[PDB]
Structure formats: structure tokens, C-alpha cells
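Quick heads-up: it's one chain on its own, the form deposited in one PDB entry, in C-alpha cells.
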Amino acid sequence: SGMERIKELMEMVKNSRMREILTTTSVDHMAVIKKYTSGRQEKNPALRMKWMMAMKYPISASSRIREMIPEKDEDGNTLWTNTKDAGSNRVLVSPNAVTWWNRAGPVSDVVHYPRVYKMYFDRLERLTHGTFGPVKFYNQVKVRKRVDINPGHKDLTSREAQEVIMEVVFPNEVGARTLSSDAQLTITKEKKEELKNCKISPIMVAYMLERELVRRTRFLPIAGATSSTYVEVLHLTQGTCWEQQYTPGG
């Protein structure tokens, strides 16, 4: 509909501080005021994860986990506790709640992982049906060239693919620019027909299309072929004194 968000804006505009902020901050200055912090900053997250997993509740999740996950286990473990503020949007969670959800949570018949991360499943299918030749030992001459780690689309560049993604996922916030190419229009039409009634979040859809369409390049020492199906297995096929003969799938 669209009435709940405007009534929430009505509720927030009654507060004088929120009204002053919403009337004195521009859309440009919202990027400044969004990253505003006040307390101390947590540095060295590796050591913090070393000692924090020994504590009882190292995980912070939303309040909806009080309705999806019970407070006790079969063994008697406390899975979640509330904070020191009655009515907060965050509770403190135990990793036993993660294990309880993985062993006894609600099973879903639909999953979105093979569709969103289809590039990694393409990599696994390329590796599984690959053919390994013999290892030959000789001094490798590795030239530090610029090769493609993501092929993208054959007709699009990086900025054209990003404009296609912005047109497909968020069409009402594309601004003044328009698709000034034929391949942009065809790929936009195809991805718009493929993404109708899609209950995936639009940021995950945009990053899936970014993995599919945007071409990425890196500077890597290359001893053999420079095709993108050989750049992804560069750790496997070459080293310093050896060369693994490998043909990918397809």
C-alpha cells in the first residue's frame, strides 16, 4: 500500500528533534549523519572473537528470535537472554541457538542459495568434471599480466553493467542517465523478465547481477593460459617449479 510508512513519518515528525533533523539534513548530508558514532570503537576483532566465544552470549540478533527459538534446550542450555533495557530490538544469543536452528528449526522447501551464488556452483561444476594431466617439473616463467578474474558479459563493460543493474533492480532511482546501448537494453529486458515476483532482497539481487555481469580484472603472475576459467584455478595449475596440466569442464 504505502500508508504505514507515511504514518510512521507522521509519528516521527511530531518529535521536535527528529523534525529538526529531517528538515535541516539534506540527502547529501544523510551519508554524513548515517556513519555518526559516539562511543568507543572496537579494535582487533580477531582477539575479541578469541575470548568472546568463551562467554555465554556472544551473538546479538533481533527480537523475533524470541518467537522462532525457545529459551531452553533439551540439555538445558539458555539460548537467548534480553538486554538491560526492557523493550529493545536486540537480544543476546548463544551459539547453541544456531546449533538448535540447524538441527531442529523449521525446514524450508525453498532455498535461494543456488540461485544467488550460481557463479560458485558454476565453478564447482567446472572443477568436478575437470581432467587432470601429469605434473611436469621445470622452472616457471611467470609474467605479471592483467587477467580477468570475472568474465562478466561479452558485450558490456563494467560501468555499462552497473547501469544495467541499476536499471533492473532500482528503476525509479536511476537519476538522469539512460541506457545508451542496444546490448544494455536487451540484457535489461531479459533480467527484468527473469526477476519478476522475486522475493529475494534487492541488494542481494543487485550483487548477484554484479557477480554475473560486471567484469573484474587483477594483476597476477601468469605462466600459462589467461582465460578466466584458468585464472580461477591458478593456485592449482601452476606454482614455482611445477605445472599441473588441467582442462576445466565444458
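We call the rigid core whatever largest set of C-alpha positions still superposes within 1.5 Å between the two forms. A residue's number is simply how far along the shown sequence it sits, counting from 1.
The following text describes the form deposited in another entry, which does not appear among the structures shown.
(message) Does residue 196 move appreciably between this form and the one not shown, meaning a CA displacement of 2 Å or more on the superposed rigid core?
(response) No, residue 196 moves less than 2 Å.
(message) Once you overlay the rigid core, does the Cα of residue 53 travel 2 Å or further between this form and the one not shown?
(response) No.
(message) Checking residue 85 here: with the core superposed, does its CA move 2 Å or more between this form and the one not shown?
(response) The answer is yes, as the C-alpha of residue 85 shifts between this form and the one not shown by 2 Å or more after core alignment.
(request) Tell me whether residue 52 and residue 86 end up closer or farther apart in the other entry, going by their C-alpha atoms; the shift is 3 Å or more. (result) Note: Cα gap between residue 52 and residue 86 shrinks in the other entry.
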